[PDB]
Structure formats: structure tokens, C-alpha cells
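Read the structure below first, then the notes.
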Amino acid sequence: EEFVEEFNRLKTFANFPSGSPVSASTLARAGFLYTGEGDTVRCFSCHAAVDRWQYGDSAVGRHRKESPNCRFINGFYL
Ligand code: NA
Ligand SMILES: [Zn+2]
């Protein structure tokens, strides 16, 4: 696990495609790690995978959409 620390999540985005409409910093902030494939990220807590990021997307907004009862998005790491 170890990924409760925000910098520890951002470390997983080594080869994340440079031209993405949502940045690696924002996705790490919204609880996601990188799977290493396409634009697919998975939550460290709830294990939900989200891909196909578009312009004007909320990282956090989509994470709550896929996982309304996620520990991280409901504040159980602050
Ligand atoms: Na999904
Ligand atoms: Zn989650």
C-alpha cells in the first residue's frame, strides 16, 4: 500500500502520456496510481480503474461517480 502519501502516488506516473487533458499531479491528488498502460489509473484504496480522460473532466468528480463509498474520497486519509 504505502500510497497514503500524495508524492508516493505521483511516483507511479513515470511514463504517463505528456499530452493528457488531466495532469498526473491532479490524478495523484484524486487518489489514483498509474497502471503503466494508456491513460488508465487505479485508486489505491477502492481499486476502481478509470481511463479515457477528456478536457473539463474532474479527477475527483469521476472517482466519486465510480466509487461513491470510497474511503479516500469520503475523507478517511485527512
Ligand atoms: Na471504471
Ligand atoms: Zn477510491
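Within each chain, counting starts at residue 1; across the C-alpha cells, chains are named A, B, ... in the order shown, with ligands numbered 1 upward in that order.
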Cut-off 7 Å, only C-alpha atoms and all ligand atoms, neighbours of ligand 2 as a list in words: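 Using only C-alpha atoms and all ligand atoms, everything at most 7 Å from ligand 2 comes to residues 31, 43, 44, 45, 46, 47, 48, 63, 67, 70, 71, 72 and 73 of chain A.
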Surrounding residues as a list in words, ligand 1, max 8 Å, only C-alpha atoms and all ligand atoms: residues 48, 49, 50, 51 and 66 of chain A
Nearest candidate to residue A:58 (options A:35, A:74, A:26, A:8; using only C-alpha atoms):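 Going through A:35, A:74, A:26, A:8 one by one, the smallest distance to residue A:58 is for A:26.
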Backbone DSSP call of helix (DSSP H, G or I) for stretch 22-74 of chain A, listed as number ranges by chain: A: 24-29, 59-66
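The smallest atom-to-atom distance between residue A:9 and any of A:21, A:42, A:37, A:55, using only C-alpha atoms, is found for A:42.
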Need to verify the contact set: residue A:5, 12 Å, only C-alpha atoms, exclusion of same-chain residues closer than 2 positions in sequence. Can you return it as a PDB file with N, CA and C atoms, in the first residue's frame?
ATOM      1  N   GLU A   1       0.866  -1.194   0.000  1.00  0.00           N
ATOM      2  CA  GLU A   1       0.000   0.000   0.000  1.00  0.00           C
ATOM      3  C   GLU A   1       0.903   1.246   0.000  1.00  0.00           C
ATOM      4  N   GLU A   2       1.267   1.823   1.156  1.00  0.00           N
ATOM      5  CA  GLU A   2       2.300   2.901   1.311  1.00  0.00           C
ATOM      6  C   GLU A   2       1.884   4.185   0.581  1.00  0.00           C
ATOM      7  N   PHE A   3       0.781   4.149  -0.167  1.00  0.00           N
ATOM      8  CA  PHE A   3       0.389   5.181  -1.160  1.00  0.00           C
ATOM      9  C   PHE A   3      -0.571   6.195  -0.509  1.00  0.00           C
ATOM     10  N   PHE A   7       2.899  12.147  -2.731  1.00  0.00           N
ATOM     11  CA  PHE A   7       4.135  12.079  -3.547  1.00  0.00           C
ATOM     12  C   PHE A   7       4.387  10.631  -3.976  1.00  0.00           C
ATOM     13  N   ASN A   8       4.058   9.690  -3.104  1.00  0.00           N
ATOM     14  CA  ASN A   8       4.142   8.213  -3.278  1.00  0.00           C
ATOM     15  C   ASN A   8       3.203   7.716  -4.393  1.00  0.00           C
ATOM     16  N   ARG A   9       2.065   8.373  -4.617  1.00  0.00           N
ATOM     17  CA  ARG A   9       1.155   8.116  -5.763  1.00  0.00           C
ATOM     18  C   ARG A   9       1.698   8.713  -7.061  1.00  0.00           C
ATOM     19  N   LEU A  10       2.245   9.934  -6.987  1.00  0.00           N
ATOM     20  CA  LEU A  10       2.726  10.671  -8.183  1.00  0.00           C
ATOM     21  C   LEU A  10       3.952   9.947  -8.755  1.00  0.00           C
ATOM     22  N   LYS A  11       4.715   9.251  -7.922  1.00  0.00           N
ATOM     23  CA  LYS A  11       5.936   8.494  -8.318  1.00  0.00           C
ATOM     24  C   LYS A  11       5.586   7.430  -9.372  1.00  0.00           C
ATOM     25  N   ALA A  28      -2.950  12.022  -8.987  1.00  0.00           N
ATOM     26  CA  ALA A  28      -2.326  11.596  -7.702  1.00  0.00           C
ATOM     27  C   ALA A  28      -3.065  12.240  -6.511  1.00  0.00           C
ATOM     28  N   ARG A  29      -3.461  13.506  -6.659  1.00  0.00           N
ATOM     29  CA  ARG A  29      -4.241  14.299  -5.667  1.00  0.00           C
ATOM     30  C   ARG A  29      -5.621  13.659  -5.466  1.00  0.00           C
ATOM     31  N   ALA A  30      -6.211  13.100  -6.532  1.00  0.00           N
ATOM     32  CA  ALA A  30      -7.549  12.467  -6.512  1.00  0.00           C
ATOM     33  C   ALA A  30      -7.443  10.991  -6.123  1.00  0.00           C
ATOM     34  N   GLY A  31      -6.306  10.538  -5.598  1.00  0.00           N
ATOM     35  CA  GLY A  31      -6.116   9.193  -5.019  1.00  0.00           C
ATOM     36  C   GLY A  31      -5.641   8.118  -6.025  1.00  0.00           C
ATOM     37  N   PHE A  32      -5.404   8.451  -7.282  1.00  0.00           N
ATOM     38  CA  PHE A  32      -5.124   7.416  -8.325  1.00  0.00           C
ATOM     39  C   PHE A  32      -3.627   7.074  -8.356  1.00  0.00           C
ATOM     40  N   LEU A  33      -3.264   5.821  -8.710  1.00  0.00           N
ATOM     41  CA  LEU A  33      -1.915   5.432  -9.214  1.00  0.00           C
ATOM     42  C   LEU A  33      -2.025   5.166 -10.721  1.00  0.00           C
ATOM     43  N   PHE A  44      -5.865   3.610  -5.035  1.00  0.00           N
ATOM     44  CA  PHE A  44      -5.051   2.829  -4.072  1.00  0.00           C
ATOM     45  C   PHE A  44      -5.920   2.199  -2.985  1.00  0.00           C
ATOM     46  N   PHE A  72     -11.043   7.028   0.683  1.00  0.00           N
ATOM     47  CA  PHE A  72     -10.172   8.182   0.352  1.00  0.00           C
ATOM     48  C   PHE A  72     -11.046   9.392  -0.040  1.00  0.00           C
ATOM     49  N   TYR A  77      -8.398   9.686   4.965  1.00  0.00           N
ATOM     50  CA  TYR A  77      -6.923   9.862   4.996  1.00  0.00           C
ATOM     51  C   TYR A  77      -6.526  11.284   5.390  1.00  0.00           C
ATOM     52  N   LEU A  78      -7.480  12.138   5.773  1.00  0.00           N
ATOM     53  CA  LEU A  78      -7.192  13.503   6.296  1.00  0.00           C
ATOM     54  C   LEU A  78      -7.500  13.519   7.793  1.00  0.00           C
TER      55      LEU A  78
END
In chain A, DSSP strand (DSSP E) residues written as a VMD selection string: chain A and resid 32 to 34 41 to 43 49 to 50
Dump of N, CA, C and O atoms for the selected residues, as a PDB file, in the first residue's frame:
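Written output follows (out-v4.pdb):
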ATOM      1  N   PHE A  32      -5.404   8.451  -7.282  1.00  0.00           N
ATOM      2  CA  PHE A  32      -5.124   7.416  -8.325  1.00  0.00           C
ATOM      3  C   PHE A  32      -3.627   7.074  -8.356  1.00  0.00           C
ATOM      4  O   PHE A  32      -2.832   8.012  -7.993  1.00  0.00           O
ATOM      5  N   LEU A  33      -3.264   5.821  -8.710  1.00  0.00           N
ATOM      6  CA  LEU A  33      -1.915   5.432  -9.214  1.00  0.00           C
ATOM      7  C   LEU A  33      -2.025   5.166 -10.721  1.00  0.00           C
ATOM      8  O   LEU A  33      -3.144   4.996 -11.191  1.00  0.00           O
ATOM      9  N   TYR A  34      -0.903   5.080 -11.433  1.00  0.00           N
ATOM     10  CA  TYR A  34      -0.813   4.696 -12.870  1.00  0.00           C
ATOM     11  C   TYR A  34      -0.555   3.187 -12.957  1.00  0.00           C
ATOM     12  O   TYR A  34       0.279   2.667 -12.197  1.00  0.00           O
ATOM     13  N   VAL A  41      -5.670   4.690 -14.781  1.00  0.00           N
ATOM     14  CA  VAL A  41      -5.242   4.880 -13.368  1.00  0.00           C
ATOM     15  C   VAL A  41      -6.162   4.023 -12.495  1.00  0.00           C
ATOM     16  O   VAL A  41      -7.289   3.796 -12.921  1.00  0.00           O
ATOM     17  N   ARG A  42      -5.676   3.520 -11.358  1.00  0.00           N
ATOM     18  CA  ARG A  42      -6.496   2.771 -10.366  1.00  0.00           C
ATOM     19  C   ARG A  42      -6.339   3.426  -8.985  1.00  0.00           C
ATOM     20  O   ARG A  42      -5.202   3.798  -8.633  1.00  0.00           O
ATOM     21  N   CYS A  43      -7.439   3.549  -8.233  1.00  0.00           N
ATOM     22  CA  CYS A  43      -7.440   4.054  -6.848  1.00  0.00           C
ATOM     23  C   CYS A  43      -6.735   3.086  -5.903  1.00  0.00           C
ATOM     24  O   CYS A  43      -7.048   1.892  -5.939  1.00  0.00           O
ATOM     25  N   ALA A  49     -10.747   1.375 -11.492  1.00  0.00           N
ATOM     26  CA  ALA A  49      -9.937   1.754 -12.664  1.00  0.00           C
ATOM     27  C   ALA A  49     -10.759   2.740 -13.475  1.00  0.00           C
ATOM     28  O   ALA A  49     -11.975   2.523 -13.624  1.00  0.00           O
ATOM     29  N   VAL A  50     -10.135   3.793 -13.971  1.00  0.00           N
ATOM     30  CA  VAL A  50     -10.770   4.895 -14.750  1.00  0.00           C
ATOM     31  C   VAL A  50      -9.748   5.244 -15.821  1.00  0.00           C
ATOM     32  O   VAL A  50      -8.545   5.336 -15.481  1.00  0.00           O
TER      33      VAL A  50
END
Two-atom distance - atom CA of residue A:23, atom CA of residue A:39 (Å):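 Those two atoms sit 10.5 Å apart.
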Pairwise distance for atom CA of residue A:56 and atom CA of residue A:68, rounded to one decimal in Å: 20.3 Å
